[PDB]
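Analysis of the macromolecular model
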Amino acid sequence: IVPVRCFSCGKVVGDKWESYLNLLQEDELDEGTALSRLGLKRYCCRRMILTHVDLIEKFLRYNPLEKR
Amino acid sequence: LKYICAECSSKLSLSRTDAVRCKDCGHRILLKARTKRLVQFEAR
Amino acid sequence: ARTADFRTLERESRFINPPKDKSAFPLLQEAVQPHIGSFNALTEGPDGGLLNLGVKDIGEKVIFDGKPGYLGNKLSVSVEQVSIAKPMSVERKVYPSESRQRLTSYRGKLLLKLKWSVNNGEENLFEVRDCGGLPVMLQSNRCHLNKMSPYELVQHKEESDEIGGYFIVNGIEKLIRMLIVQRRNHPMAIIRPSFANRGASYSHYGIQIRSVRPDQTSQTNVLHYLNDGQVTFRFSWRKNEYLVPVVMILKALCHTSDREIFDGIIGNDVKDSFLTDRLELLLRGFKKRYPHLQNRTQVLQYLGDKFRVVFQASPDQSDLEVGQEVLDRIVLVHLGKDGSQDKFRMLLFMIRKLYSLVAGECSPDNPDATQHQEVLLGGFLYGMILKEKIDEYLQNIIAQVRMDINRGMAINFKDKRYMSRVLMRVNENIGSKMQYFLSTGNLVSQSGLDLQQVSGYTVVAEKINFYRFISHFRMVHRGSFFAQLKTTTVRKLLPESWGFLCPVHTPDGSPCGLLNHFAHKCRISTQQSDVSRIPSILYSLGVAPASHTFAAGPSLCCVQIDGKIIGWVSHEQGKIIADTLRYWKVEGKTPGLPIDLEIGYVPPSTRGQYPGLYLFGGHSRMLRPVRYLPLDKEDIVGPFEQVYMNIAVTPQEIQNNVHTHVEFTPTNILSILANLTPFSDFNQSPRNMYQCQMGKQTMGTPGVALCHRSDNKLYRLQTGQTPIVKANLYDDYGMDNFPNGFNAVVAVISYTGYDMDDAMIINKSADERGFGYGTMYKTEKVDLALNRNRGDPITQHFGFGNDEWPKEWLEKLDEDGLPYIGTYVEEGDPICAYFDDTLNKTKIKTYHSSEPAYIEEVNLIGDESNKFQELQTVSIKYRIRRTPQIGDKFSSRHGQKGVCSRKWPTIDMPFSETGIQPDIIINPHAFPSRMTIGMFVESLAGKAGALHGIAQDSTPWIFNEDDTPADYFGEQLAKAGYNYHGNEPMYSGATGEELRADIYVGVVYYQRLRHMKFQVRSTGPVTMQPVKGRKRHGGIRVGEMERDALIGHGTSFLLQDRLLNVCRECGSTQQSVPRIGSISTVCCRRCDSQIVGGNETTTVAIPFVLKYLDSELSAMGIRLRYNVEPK
RNA sequence: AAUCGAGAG
Ligand SMILES: [Zn+2]
Ligand SMILES: [Zn+2]
Ligand SMILES: [Zn+2]
């Protein structure tokens, strides 16, 4: 449920969620530098990657088509 | 063919009788399953 | 380093892999703790919880056989134990979400064992006699999800972190609302005028104590004071009241003389005149009123005979026995049996306070003040009503035996077949009636539980938002009787409620000032503390035993433990004892003295409250953590205790000798939702209350188990983000698992002009990007057995065939049994088809709704019984997409609610130097009236956080005036290179020129509400007036004030069109019956050519309510000379 | 068709 397009500006950020996660976890950084290296300058873009609750992991494991 | 178990999650079919009885579970709750049906939409 | 953190890695790890150990954020567990603790202590106690104690003390209902002073044989029916049964069957466990999908009740099973002792220990016939199915509580002892890992919960179709005291009945998930009542074992003084109005010579005064038996059963005992000089004890049994003189009970309690009573009421105050004269008047009045009643046994017998049908006493019961039973059961019940020696000692204390109240030496005590208030939990009421129902069941079997004795005359009292005949004829639906109580809230009982309300104890406990759902478990209600009351002073925010009830969280409107909410980190002790050894250590200090010496009056500090007078001592020594007991309670290292010991020392006061040291082990009392300065260790304080304690709200303000405690984290005196509001210390209190009320109305995130949570309405928000300016404890409460709202780039600017009062404008493109896409999930139950009875299978069942059913139904009603999951249901579309043999053809169910929707989930529900049949029960779910149109109420976290004025096109939207086009526009004129500086500070901090990447904390009372948040965030913005005050230069979107002044633009958290209405009619449904109802294609009523407005303008034709658009001779109908080929004529009987009737009637223009009025008056037998005007 | 609850203005 990563917002595909920036709400205010319109810069595509859907592709960048996994990259943000990798840059945060695999390499030790902070969020500001991670977004900078990711290539986001305006906060209108920086929102949808700094704050996005990934309610698909928790929301997804309740699969009905697979044995528990 | 349809009507997933929702307890053991196994596809099955009905015979106008014993819709409760999941042959593997017997759980009295059944859940229907989406099929291959055309659904038009608008991307807006 | 950073003050807050998003903890994205932790959140993602937790989402992917639910913990298999202790769940995170424990505070939520100890936020729903009171309900779980109550329900557990109902059975998990030192001896059969509270249920076993209650059924043991229910009584010994006895009836006698008619066998020819003897009469026959007894029955001595009793109850031994009550057991637990969670699962449901060959035995299998049944987890929750069952009867959720089934849309039924999640009930247990109630095991009951009774006795049939024909007489005293001769023939006892024990038998297990299970009674229906108890609706058990989730996450409680009687539930399969008692102690499960979060991962296990996820496995069992449950929320990743699910907690709740709600009961699943009919798949509705109701909950017992908390109620707040008087204290347990404290006699308070009341000066209500109702006491005087009770009758002649009654005064306003009177002591009241709401005693509770060890099974937490209430029993009021009021001491009215009469103006003549006599004191009348008052109580209540059954649904009525019975009053007796006080000295009667005083002499009946113990074999004690009057001079001893003189010493008890007056100790060393012989030189007093008022008290001595009043007491002598009381003694002389008793002596002259009852001269015969000299012996203690004699007065016991007098009481027994005066109360024989009052207590439903058995015929084989001595008067002395009955009197002993009544004075053991109905007066000072909290002292229990064999404590009469102390019951006599308590009244001597209670009376002296009453005379102190009369003389004015003691001030009254406010019934609605939190000093003397006390909350009973949901579980305790459940146990109480269960005990009442069990007692009623025993009474019912006694009544059945009585009827058989009266008429049947086939009795054995020793035969198992006879017992079976008896039990088969009574009702074993205790669980069913408990389910009815949960479903309706209509409390029915004989005793009345010493409560005051009748209807309404269970709330639906909706889950519109996680905020509302968690708030359901923290609301405390004063009472519906108080709700009907129109006195303002009850609704005041008393200072005594500091640290216990939220000063902010309170609904605005009719229930305002009533539905208070507990502060977070406030706990309710649902467990009797180890109070046994407390007297022993109390005697260790310098006190005097309650029996060795007699000394009463406010001049001496009375000492009592939960209503047991144990010691008397000077006030200085009483203060010393209170301080030393505090030392030993917080210091630990003592076998007794639990930390959660509510101890209150009221110092001697001039015309103040009645003195005396108090201790309260308690069983439902309110508690609050607080630091303790002499040891810097956590201490627990109750309301009664707090009033005389010099707390300090911050360690900074701790003075010298004027403080002993300091509540760490001053935010703790607040509701959870109130703490969730960013910078609550910069807004206006009405705006904080508006925010609290609005948050529970949000388009929330109900949960993640929404795959199988068939319910009426969900209001699921598709997206959501953490607040960049999130308050601390937002993560500590695990609220991040239920995010709602979105960060929006707001601009405080008056640009479009389409927003002056409270309107707001959303960027059209930002909406098209999916700015907020909350959706509605709605389920309804479809079945055909609603008219079917048990033994008559219905001729109609699902499916359709072998008929000439209309084609095109296979558009969406296309399968052997049900419609496809993926479909776009329009209005009137075939929801489901059932083949009927009664009509020998299939019929379908219409959509019967307003908005076209999509089917989200259709599930098949089976009968709980082995009713295989053909499964004539189906539940389906509707998915409704709610894109935010204009007029849809958005809001911030500061009560700045408003509606979407217009989807402003992006090009015409103003832009900034950086090219960002704001999405949410609010008008700056709102703030000077609203006075919400929190919105501005949130915008500033949100911009700073979104730039630097860090998370900004918004916790009240962290920015002193020397640490202004404006300066703090301006420093960050300057270091980031933006405007220090947040004023970002912008350019208009139409002219393209620069605006006059730099616009205040920032990021704030914005929530969407569910208040999304339009109605119109021309003809259709219709006294011949149009029907009522938006969904019924009705009209709108032109009220009396609307008619007055019509007249005030003088618009006569307008009034006629808004309120509109005969027998000539009689003038008060009957006509229009053509016979063969002639035109219709008139044959008014009231009046060929005129046969005999009349031929004078012509058409006139009148409202059609007039004919109904005429017929009603004709039935009424009233007629008037309705002067019909001429041609 | 009435009663209760939730509300909104
Ligand atoms: Zn952007
Ligand atoms: Zn199965
Ligand atoms: Zn006539």
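Residues numbered from 1 in each chain as written, not as in the entry; some residues may be left out. Chains lettered and ligands numbered in written order. Part of a larger assembly, values for the part shown. Heavy atoms only, no water.

Determination of this PDB entry was carried out by cryo-EM to a resolution of 3.5 Å, according to the record.

Observations concerning the overall build of chain B
When helices and strands are tallied, chain B shows zero helices and one strand. Its C-alpha atoms give chain B principal-axis dimensions of roughly 45 × 20 × 10 Å. Burial status across chain B gives 43% buried among its 44 residues. A separation threshold of at least 6 residues defines the contact pool for chain B, and within that pool the share at least 24 residues apart is 25%. Counting every atom, chain B has about 3000 Å² of accessible surface; 53% of that belongs to carbon and sulfur. (Helix = DSSP H or I, 4+ residues; strand = E, 2+ residues; numbered from the N terminus. Buried < 20%, exposed > 50% of the residue type's maximum accessible area, 1.4 Å probe, protein only. Contact = heavy atoms within 4.5 Å. Areas by Shrake-Rupley, 256 points an atom, 1.4 Å probe, with all protein chains shown as cover.)

Focus on the UniProt feature "binding site: Zn(2+)" in chain B
All names here are of chain B. Using the residue numbers shown here, the UniProt feature "binding site: Zn(2+)" corresponds to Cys5, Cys8, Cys22 and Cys25. Across 21 residues, the annotated set stays spatially compact, with a maximum C-alpha separation of 8.4 Å. Inspection of the secondary structure assignment puts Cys5 in the segment before β1 (29–31). On the accessibility criterion, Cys5 (0% relative accessible area) is buried. Every residue in contact with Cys5, bar those within four places of it in the chain, is listed here: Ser10, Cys22, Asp24, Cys25, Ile29 and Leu30. If near-sequence neighbours (up to four positions away) are discounted, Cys25 is found in contact with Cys5, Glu7 and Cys8. (UniProt positions renumbered as here; feature names shortened; annotations may be inferred.)

Concerning the pattern of salt bridges
Scanning the entire structure with this criterion turns up 51 salt bridges over all chains. A:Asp30 serves as the salt-bridge partner of C:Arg2, at 2.8 Å between the closest nitrogen and oxygen. Residue C:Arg2 is found in the segment before α1 (8–16), and its partner A:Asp30 is found in the loop between α1 (16–25) and α2 (31–38); the two belong to separate chains. Residue classification places C:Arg2 among the partly exposed residues on the basis of a relative accessible area of 34%. By relative accessible area, A:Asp30 is classed as partly exposed at 25%. Between A:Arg68 and B:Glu7 there is a salt bridge, and its shortest N-O distance comes to 3.5 Å. With A:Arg68 in the segment after α4 (57–60) and B:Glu7 in the segment before β1, the pair connects residues from two separate chains. When its relative accessible area of 35% is taken as the criterion, B:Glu7 is described as partly exposed. Residues participating in the shared-partner salt-bridge network are C:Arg100, C:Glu158, C:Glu173, C:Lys463, C:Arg709 and C:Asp711. (Salt bridge = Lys/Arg side-chain N within 4 Å of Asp/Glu carboxyl O.)

Comments concerning the coordination of the zinc ion (ligand 2)
Octahedral six-donor coordination of a metal ideally yields angles of 90 or 180 degrees, compared with 109.5 degrees for tetrahedral four-donor coordination. At the metal site, the zinc ion (ligand 2) is ligated by B:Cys5 (SG), B:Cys8 (SG), B:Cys22 (SG), B:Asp24 (OD) and B:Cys25 (SG), and these contacts range over 2.0 to 2.3 Å. The motif formed by the donor residues of the zinc ion (ligand 2), counted along the single chain, is C-x2-C-x13-C-x1-D-C. (Donors = N, O, S within 2.8 Å, 3.2 Å for Na, K, Ca; no water.)

Quick word on the side chain of C:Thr698
Mapping C:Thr698 onto the fold places it in the loop between α21 (685–695) and β24 (742–748). The buried category is assigned to C:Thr698, whose relative accessible area is 1%.

Considering the coordination of the zinc ion (ligand 1)
All names here are of chain A. The protein atoms that coordinate the zinc ion (ligand 1) are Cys6 (SG), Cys9 (SG), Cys44 (SG) and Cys45 (SG), at distances of 2.3 Å. Coordination geometry of the zinc ion (ligand 1): the four donor atoms subtend angles of 99 to 120° at the metal centre, consistent with an arrangement described as tetrahedral. Written as a sequence motif, the donor residues of the zinc ion (ligand 1) are C-x2-C-x34-C-C. In this pair, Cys6 sits in the segment before α1 while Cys45 sits in helix α3 (residues 43–50), placing the two residues 39 residues apart along the sequence. Like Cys45, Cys6 is buried. (Tetrahedral: all angles 85-135°; square planar, octahedral: opposite > 155°, others 65-115°.)

Some details on the protein's contact with RNA strand D
Taken together, C:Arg468, C:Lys889, C:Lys897, C:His1011 and C:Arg1032 make up the full set of residues near RNA strand D. When its residues are assigned to classes, the surface near RNA strand D shows no nonpolar, one polar and four charged. (Near = heavy atom within 4 Å. Nonpolar A, V, L, I, M, F, W, Y, C, P; charged D, E, K, R; others polar.)

Some words on the packing of helix α6 (residues 246–253) of chain C against helix α11 (residues 340–359) of chain C
All names here are of chain C. At a minimum axis separation of 9 Å, α6 and α11 run at an interaxial angle of 150°. Taken together, the axis directions place α6 and α11 in an arrangement best described as roughly antiparallel. As α6 packs across α11, the resulting crossing turns out to be left-handed. Contacts between α6 and α11 involve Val246, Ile249, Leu250 and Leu253 from the former and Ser340, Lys343, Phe344, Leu347, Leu348 and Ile351 from the latter. Along the lines of polarity and charge, the residues of the contact of α6 with α11 split into eight nonpolar, one polar and one charged. (Axes fitted to C-alpha atoms, helices over the stretch in contact; angles between N-to-C directions. Parallel < 35°, antiparallel > 145°, perpendicular 65-115°, else oblique. Left-handed = near helix turned anticlockwise from the far one by under 90°.)

Some thoughts on the interface of chain A and chain C
With 31 residues of chain A at the interface, the matching set in chain C holds 51 residues. In this assembly, chain A packs against chain C so that about 3800 Å² is buried in total across both faces, 62% of it on carbon and sulfur atoms. Summed over the shared surface of chain A and chain C, the number is three salt bridges. The partner of C:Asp919 in a salt bridge is A:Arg47, and the shortest N-O contact between them spans 3.4 Å. At the boundary of chain A with chain C, the tally comes to 19 residue pairs in polar contact. (Buried area = accessible area lost by both parts, 1.4 Å probe. Polar contact = N/O pair within 3.5 Å; in protein donor to acceptor, adjacent residues only side chain to side chain.)

A few points about the nonpolar core
Residue and element names in this part refer to chain C. Core analysis: the biggest nonpolar cluster contains 64 residues, and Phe233, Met248, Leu250, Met346, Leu347 and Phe349 have the highest contact counts within it. Ranked by residues supplied to this core, first place goes to α11 with eleven residues. Ignoring any residue separated from it by four or fewer positions in sequence, one finds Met346 in contact with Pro187, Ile209, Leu332, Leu335, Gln560, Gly563 and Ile565. (Core = buried A, V, L, I, M, F, W, Y, C linked by side-chain atoms within 4.5 Å.)

Let's talk about the packing of aromatic side chains
Residue and element names in this part refer to chain C. Taken as a whole, this structure holds 39 aromatic pairs over all chains when the rule is applied. Arranged with centres 6.2 Å apart and planes meeting at 80°, the rings of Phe679 and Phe969 form a pair that is edge-to-face. Of the two residues, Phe679 is situated in the loop between α20 (672–675) and α21 and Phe969 in helix α25 (residues 965–976); the sequence distance between them amounts to 290 residues. In this pair, the class of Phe679 matches that of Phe969, namely buried. Between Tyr824 and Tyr854 the ring centres are 5.4 Å apart and the planes differ by 45°, which places this aromatic pair in the tilted class. You can see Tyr824 sitting in strand β28 (residues 824–825) and its partner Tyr854 sitting in strand β31 (residues 853–861), a full 30 residues away along the chain. Accessibility expressed as a relative area gives 40% for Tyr824, which makes it partly exposed. An aromatic cluster of at least three residues, connected via ring pairs, comprises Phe233, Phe235, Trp237, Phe307 and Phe311. Its guanidinium or amino end placed over the ring of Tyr290, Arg289 lies 4.6 Å from that ring's centre, counting from NZ or CZ. When the ring centre of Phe482 is taken as origin, the NZ or CZ atom of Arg478, which lies over that ring, is 4.4 Å away. (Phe/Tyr/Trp six-rings, centres within 6.5 Å; stacked < 30°, edge-to-face > 60°. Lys NZ or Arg CZ within 6 Å of the ring centre and 35° of its normal.)

A look at the interface of chain B and chain A
Each partner contributes residues to the interface: chain B has six residues there, and chain A has five residues. Around 420 Å² of area is buried between chain B and chain A when both sides are counted, 35% of it from carbon and sulfur atoms. On the chain B side of the contact with chain A, B:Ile4, B:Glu7 and B:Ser9 bury the most area, a combined 65% of that side's loss. At the surface where chain B touches chain A, the tally comes to seven residue pairs in polar contact. Residues that form the side of chain B that touches chain A fall into these classes: three nonpolar, two polar and one charged.

Things to note about the sheet that holds strand β14 (residues 516–517) of chain C
Sheet strands pair by backbone hydrogen bonding; their relative direction is either parallel or antiparallel. Residues and elements named next belong to chain C. Strand order across the open sheet formed by four strands is β11-β5-β13-β14, with mixed pairing between neighbours. Two strands close off the open sheet at either side, each with one partner strand: β11 (373–376) and β14. Strand direction decides the pairing type here: strand β5 (residues 178–182) and β11, joined by four bridges, are antiparallel. Bridge pairing in β11 links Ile180 to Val375. (Pairing = 2+ DSSP bridges.)

A closer look at α6(C)
Along an α-helix, a turn takes 3.6 residues, which lines up residues three or four apart on a common side. Within α6(C), eight of the eight residues are buried, which leaves the element mostly enclosed by the surrounding structure. Within the sequence span of α6(C), burial applies to C:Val246, C:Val247, C:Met248, C:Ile249, C:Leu250, C:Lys251, C:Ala252 and C:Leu253.

Section: the environment of C:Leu449
Residues and elements named next belong to chain C. Structurally, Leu449 can be placed in the loop between α14 (430–440) and β12 (458–459). In this structure the C-alpha to C-alpha distance between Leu449 and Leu381, which are 68 residues apart in sequence, comes to 9.0 Å. Residue contacts for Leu449: discarding those within four places in its chain leaves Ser218, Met384, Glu388 and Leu443.

A look at the UniProt feature "binding site: Zn(2+)" in chain A
As recorded in UniProt, the feature "binding site: Zn(2+)" lies at A:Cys6, A:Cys9, A:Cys44 and A:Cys45. Spanning 40 residues, the named residues form one tight spatial group whose C-alpha atoms are at most 7.1 Å apart. Within the element layout of this structure, A:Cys44 appears in helix α3. For A:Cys44, a relative accessible area of 0% puts it in the buried group. If sequence neighbours within four positions are ignored, A:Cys44 has contacts with A:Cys6, A:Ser8, A:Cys9, C:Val745 and C:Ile916. Classification of A:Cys45 by relative accessible area gives buried; the value is 2%.

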